[PDB]
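Worksheet: the structure to be examined is printed underneath.
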Amino acid sequence: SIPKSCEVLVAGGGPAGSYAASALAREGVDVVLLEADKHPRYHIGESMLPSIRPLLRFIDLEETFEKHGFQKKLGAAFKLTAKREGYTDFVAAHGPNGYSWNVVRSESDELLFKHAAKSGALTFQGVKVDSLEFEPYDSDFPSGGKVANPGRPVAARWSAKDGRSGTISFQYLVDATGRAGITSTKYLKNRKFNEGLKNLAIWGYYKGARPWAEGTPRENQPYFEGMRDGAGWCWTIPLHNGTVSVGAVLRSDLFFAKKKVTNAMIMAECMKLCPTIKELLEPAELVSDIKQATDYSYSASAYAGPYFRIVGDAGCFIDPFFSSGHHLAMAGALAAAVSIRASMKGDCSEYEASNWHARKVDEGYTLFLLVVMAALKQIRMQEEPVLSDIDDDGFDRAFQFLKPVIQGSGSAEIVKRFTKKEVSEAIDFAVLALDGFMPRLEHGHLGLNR
Amino acid sequence: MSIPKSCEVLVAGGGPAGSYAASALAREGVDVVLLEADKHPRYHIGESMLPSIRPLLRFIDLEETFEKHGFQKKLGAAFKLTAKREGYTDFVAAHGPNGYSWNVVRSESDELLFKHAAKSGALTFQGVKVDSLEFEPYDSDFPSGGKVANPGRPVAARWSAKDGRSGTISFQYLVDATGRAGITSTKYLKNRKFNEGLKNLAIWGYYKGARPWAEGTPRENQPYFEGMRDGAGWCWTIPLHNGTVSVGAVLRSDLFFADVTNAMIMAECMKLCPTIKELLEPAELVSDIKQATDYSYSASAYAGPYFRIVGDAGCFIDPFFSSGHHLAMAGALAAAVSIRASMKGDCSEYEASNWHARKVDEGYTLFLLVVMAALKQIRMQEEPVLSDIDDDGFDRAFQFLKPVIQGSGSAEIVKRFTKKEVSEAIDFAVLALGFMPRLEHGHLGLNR
Ligand SMILES: Cc1cc2nc3c(=O)[nH]c(=O)nc-3n(C[C@H](O)[C@H](O)[C@H](O)COP(=O)(O)OP(=O)(O)OC[C@H]3O[C@@H](n4cnc5c(N)ncnc54)[C@H](O)[C@@H]3O)c2cc1C
Ligand SMILES: Cc1cc2nc3c(=O)[nH]c(=O)nc-3n(C[C@H](O)[C@H](O)[C@H](O)COP(=O)(O)OP(=O)(O)OC[C@H]3O[C@@H](n4cnc5c(N)ncnc54)[C@H](O)[C@@H]3O)c2cc1C
Ligand SMILES: [Cl-]
């Protein structure tokens with residue numbers, strides 16, 4: 001049965017949970033991982049970044065993902081306005097071995113979850129964390145502006161649908177709960193929504209649509225374009241299941257402003273405002289149900305505290321235009337494992353480690369924030385030279401600067417590919433468009449240097 | 001009813017390549033006569049298929065009949081070349097959940113194909129043996145060379161029946177689907193050239209009560225192939241809807257000898273395949289253990305003046321990657337395309353015969369170098385032949401070999417894999433070592 005005591009409790013067996021559980025268990029930590037669903041289970045989020053490989057490599061899962069046979073993504077196209085699309089190429093930057101994947105999430109989350117068990121973490125499914133018990137930490141615990149002291153969490157109550165129930169004690173907590181955000185939403189209450197990105201989304205899977213850039217060395221790559229009226233944007237993501245993932249994103253007010261099988265109809269109506277998406281789906285056959293979900297973007301006032309870490313959607317969320325969700329989940333899961341291991345064996349104080357994790361979550365989120373915002377500003381405009389596109393017929397100059405951030409660099413040190421000089425130019429270029437400790441990433445010696 | 005004296009196309013041999021070519025031609029309205037020396041249903045080896053079977057069967061509208069029969073669906077195949085982790089090819093990953101293939105009791109599918117030829121409008125006769133072919137001199141503008149030959153034009157065939165009846169039938173085109181007998185290639189062109197490295201022999205039997213491989217996994221009970229640990233050969237397990245698993249071993253003719261031997265060597269090769277033995281741990285033999293010749297061969301030419309050679313009648317490669325049934329029907333399609341193109345004036349006969357012969361050669365060459373690379377890795381048990389920089393197993397190699405192993409790279413009906421991907425499959429194996437079809441029903445032929 002589930003043990004009463006462990007070293008680290010990881011709440012939620014999603015990508016950020018399984019990654020943090022595996023990375024800690026591969027260091028020998030007595031990790032317990034609790035997941036309310038039994039894998040495989042459906043979840044949306046199939047487009048990945050090339051940063052997935054260095055992250056998966058640290059936990060020795062990269063080749064297992066390669067051997068599964070997901071649809072490879074060599075890049076992504078972004079037709080923000082009526083001008084010709086901008087395109088980021090993964091295999092050009094990282095070589096012919098540097099492609100990423102478009103992923104059926106029911107299977108990758110299983111691969112990560114089973115890898116956590118094979119890594120030596122105690123994994124349990126159908127077990128839901130009902131509550132967290134924060135003991136008072138009445139001692140000084142300073143912040144740099146991104147950690148909070150609701151006390152120290154030391155026990156969690158859990159239930160299983162087969163009727164068993166109990167409580168588990170732990171020394172550290174990893175919050176990978178997801179949108180539910182148990183710590184951020186239900187013990188803390190520090191979710192800060194961005195009113196400009198309070199979006200809604202609808203999607204479905206289609207068979208027989210014909211690929212983009214047929215014959216071209218960029219055939220059937222993921223394709224994103226903004227609506228010609230500027231109200232939102234749509235995506236196409238082809239998958240190995242034989243279907244292409246298709247969906248549309250609109251702000252909550254602008255979504256019902258077009259309410260003037262309703263979900264299937266607005267899917268077709270919003271599709272009209274994307275002429276190239278409209279062209280690709282001409283012969284398409286619908287095989288999926290068309291599903292709607294909330295898609296609000298939010299940050300948090302704190303991402304860590306006394307002996308607990310918040311990772312992935314449990315802390316922050318940004319509009320999935322640049323496929324940042326799965327990247328930021330595992331990138332924060334690595335920072336949680338690094339900061340916990342540093343705290344465990346005395347590389348630094350807990351407040352030094354907890355603050356370090358919270359920054360790596362905050363600055364990583366900030367990078368995609370200003371980049372996605374610049375694209376969404378260009379999508380909300382159409383004729384105005386956002387990204388400085390006045391004299392050109394495309395965005396290729398803009399995506400030459402946005403290269404490192406769009407491909408997942410700029411905060412996690414494990415993404416060695418791009419220099420911090422190039423990243424700085426990615427930040428400077430994007431803000432003008434809108435206008436210490438060091439990880440020891442060695443297996444068996446994970447922690448922080450000064 | 002009896003065999004007619006004249007027809008448009010005579011198809012010799014009612015195997016898969018014969019029945020497919022008969023159906024594809026008869027569905028175009030051609031007066032096709034199909035002669036088969038064996039009476040269906042009859043036993044024949046070859047039970048593992050490729051996912052390319054569906055686009056081929058769909059062109060002749062036979063997919064749904066095969067689906068309704070209930071063959072064991074095949075989602076992929078495993079290949080444990082050496083003691084390292086298995087390599088695996090995934091059909092459902094590439095072709096979707098409806099793109100699986102089958103493991104097939106061949107006595108029943110060959111009958112379905114043969115009867116489908118009759119429903120397609122071909123005149124089908126069983127127990128009728130083509131004894132000889134009458135090649136008239138074709139001294140016209142038709143040179144030899146390029147995988148085409150000019151032994152003259154075949155225009156009549158002598159035939160015999162098991163009741164004693166005999167006669168002769170005239171035809172404008174010939175389709176040689178006779179098989180290993182290879183009437184045209186072995187006794188009229190005399191152009192079968194064996195590869196001395198692949199002069200293999202095989203033994204097999206069917207076992208009941210064996211337990212599935214990879215139980216519980218989404219890849220449970222898929223066909224499993226592994227090379228013998230001493231490097232002498234390889235074994236297979238192919239589970240069938242019959243509740244039994246087809247089990248067999250393949251050895252080179254010299255290494256084979258290194259009656260009762262068949263039952264004993266069956267156990268010895270199984271012992272040299274630890275995972276095959278594990279699946280057959282409680283198994284009981286219900287079949288006879290049978291031996292047959294399994295030599296690999298090519299031909300200097302696969303077509304000529306108004307005749308087409310398809311399947312084993314032309315070429316054969318070691319069945320490690322289950323290429324035999326694919327290449328049979330893939331060549332049968334090319335024979336129907338090239339004959340119809342010649343019939344309706346899309347191009348000259350000399351242009352069509354070269355196109356068919358190239359598609360037989362080009363398809364065979366793909367599987368040749370791929371099987372050769374895998375069999376070299378099996379004899380180099382300890383040497384990395386197909387092992388690249390990796391963490392374990394051969395699965396990275398099978399990600400490169402993916403399109404050829406699943407039947408792409410020559411047949412135009414298998415669109416699934418890009419022509420970019422096929423190029424890397426060719427280079428990967430070698431480094432270890434015009435006309436366009438009109439695949440329209442009722443408009444079959446060639447464009448330029
Ligand atoms: C429409 C849409 C499109 C998207 N497209 C993309 C894309 O293209 N690319 C991309 O990278 N991202 C995309 N995302 C985002 C992506 O879905 C997430 O960012 C990603 O799943 C990372 O979050 P996570 O790791 O927490 O996963 P989650 O699925 O949020 O993991 C949380 C897990 O914890 C479990 N859990 C919840 N409560 C408890 C509890 N009390 N106890 C135990 N377990 C619990 C849940 O069942 C779940 O399995 C998209 C999101 C949306 C809405
Ligand atoms: C041990 C072994 C294992 C194999 N495993 C596989 C496998 O897993 N998968 C796979 O795809 N392939 C496999 N094969 C290959 C497969 O058996 C053949 O490649 C495939 O069946 C193609 O045969 P065919 O239709 O061309 O010839 P056949 O199937 O032999 O058909 C020719 C027919 O014509 C008849 N005939 C012969 N002479 C005459 C004549 N003169 N007149 C009239 N009719 C005549 C024959 O009786 C026969 O019925 C294997 C082969 C061997 C030896
Ligand atoms: Cl992207």
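Every chain is numbered from 1, with letters handed out A, B, ... down the list of sequences. FYI, side chains are in, hydrogens and waters are out, and symmetry mates aren't considered; it's all heavy atoms of this structure.
Ring centroids of A:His327 and A:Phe368 are separated by less than 6.0 Å, placing the two rings close together.
A:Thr64 OG1 to A:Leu56 CG: the interatomic distance, rounded to the nearest 0.5 Å, is 9.0 Å. In this structure, OG1 on A:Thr419 lies 13.0 Å from NZ on A:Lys416, to the nearest 0.5 angstrom. Here A:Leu328 contributes atom CG and A:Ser323 contributes atom OG; the two are 11.0 Å apart, rounded to the nearest 0.5 Å.
Screening residues 397-421 of chain A for ring pair (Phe, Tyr, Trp, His ring centres under 6.0 Å) gives A:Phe78-A:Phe399, A:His94-A:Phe418, A:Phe401-A:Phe429 as the qualifying pairs, with residues at least two apart or on separate chains. Residues in residues 239-252 of chain A take part in these salt bridge (charged side-chain N to carboxylate O under 4.0 Å, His left out) pairs, two or more places apart or across chains: A:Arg251-A:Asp253. Within the structure, side chain to side chain donor-acceptor pair (under 3.5 Å) contacts touching residues 366-389 of chain A (residues at least two apart or in different chains) are A:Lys83-A:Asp389.
Between A:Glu214 and A:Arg210 there is a salt bridge, with a side-chain nitrogen of the basic residue lying less than 4.0 Å from a carboxylate oxygen of the acidic one. B:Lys420 and A:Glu219 are not joined by a salt bridge, as no carboxylate oxygen comes within less than 4.0 angstrom of a charged side-chain nitrogen. Ion pairing of A:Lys403 with A:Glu425 is absent here, as no side-chain N (NZ or NE/NH1/NH2) approaches a carboxylate O to less than 4.0 Å. The pair A:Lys360-A:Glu413 counts as a salt bridge, with a side-chain nitrogen and a carboxylate oxygen less than 4.0 angstrom apart.
In this structure, A:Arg228 places its CZ atom where more than 12 heavy-atom neighbours from other residues, nucleotides or ligands lie under 6.0 Å away. Heavy-atom contacts from other residues, nucleotides or ligands closer than 6.0 Å to CZ of A:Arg41 number more than 12. Residue A:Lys186 qualifies as enclosed at atom NZ: its count of foreign heavy atoms under 6.0 Å is above 12.
Applying the side chain to side chain donor-acceptor pair (under 3.5 Å) criterion to A:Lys258, with sequence neighbours excluded, gives A:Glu269. Every residue two or more places apart in sequence or in another chain was checked for a salt bridge (charged side-chain N to carboxylate O under 4.0 Å, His left out) with A:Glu279, and none qualifies. Scanning for side-chain contact (heavy atoms from CB on, under 4.5 Å) contacts around A:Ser143 gives A:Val147, A:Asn355, with sequence neighbours left out. Among residues two or more places apart in sequence or in another chain, the salt bridge (charged side-chain N to carboxylate O under 4.0 Å, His left out) test is passed with A:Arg397 by none. A:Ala92 meets the side-chain contact (heavy atoms from CB on, under 4.5 Å) test with A:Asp89; sequence neighbours excluded. Take A:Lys192 and apply the side-chain contact (heavy atoms from CB on, under 4.5 Å) test, not counting sequence neighbours, and it matches A:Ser299, A:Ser301. Listed by chain and residue number, nothing satisfies the salt bridge (charged side-chain N to carboxylate O under 4.0 Å, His left out) test with A:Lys146 (two or more places apart in sequence, or in another chain). For A:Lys259, the side-chain contact (heavy atoms from CB on, under 4.5 Å) partners at least two apart in sequence or on another chain are A:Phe256.
Using a 30° and 60° split on the angle between ring planes, A:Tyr99 and A:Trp101 fall in the perpendicular class, above 60°.
A cation-pi arrangement is absent between A:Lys291 and A:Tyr205 under the rule of less than 6.0 angstrom and at most 45 degrees off the ring axis. Geometrically, A:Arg218 engages A:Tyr87 in a cation-pi contact defined by less than 6.0 Å to the ring centre and at most 45° from the axis.
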Exercise for review: Please step through ring-ring contact (aromatic ring centres under 6.0 Å, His included) for the pair A:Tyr223 and A:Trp212, ending with a clear verdict.
Suggested key: CA-CA 8 Å; A:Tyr223 188 88; A:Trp212 174 74; 5.3 Å; yes

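A donor-acceptor pair is defined here as one N or O able to donate and one able to accept, closer than 3.5 Å; such a pair exists between the side chain of A:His115 and the backbone of A:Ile59. Side chain of A:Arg105 to main chain of A:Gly45: a donor-acceptor pair is present (N/O by atom type, distance under 3.5 Å, no hydrogens or angles). A donor-acceptor pair is defined here as one N or O able to donate and one able to accept, closer than 3.5 Å; no such pair exists between the side chain of A:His240 and the backbone of A:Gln71. When atom types are taken as modelled, the side chain of A:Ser339 and the backbone of A:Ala335 share a donor-acceptor pair closer than 3.5 angstrom.
In terms of heavy-atom proximity, A:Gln407 sits nearest to A:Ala93 at OE1-CB, 3.8 Å. Looking at every heavy atom in both residues, A:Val415 comes nearest to A:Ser409 through CG1-OG, 3.2 Å. Closest of all the heavy-atom pairs between A:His326 and A:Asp109 is NE2-OD1, 4.4 Å. Minimum heavy-atom separation, A:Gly75 to A:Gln221: N-OE1, 3.5 Å. In terms of heavy-atom proximity, A:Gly98 sits nearest to A:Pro50 at O-CB, 3.9 Å.
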Give every donor-acceptor pair under 3.5 Å between a side-chain atom in residues 312-321 of chain A and any protein atom, sequence neighbours left out.
residue: A:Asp319; atom: OD1; partner: A:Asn199; partner atom: ND2; Å: 2.8
residue: A:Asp319; atom: OD2; partner: A:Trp233; partner atom: NE1; Å: 2.8

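With no hydrogens or angles considered, a side-chain donor-acceptor pair links A:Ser184 and A:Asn190 at under 3.5 Å. In summary, the side chains of A:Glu363 and A:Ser411 do not present any donor paired with an acceptor at a separation below 3.5 Å, with no hydrogens or angles considered.
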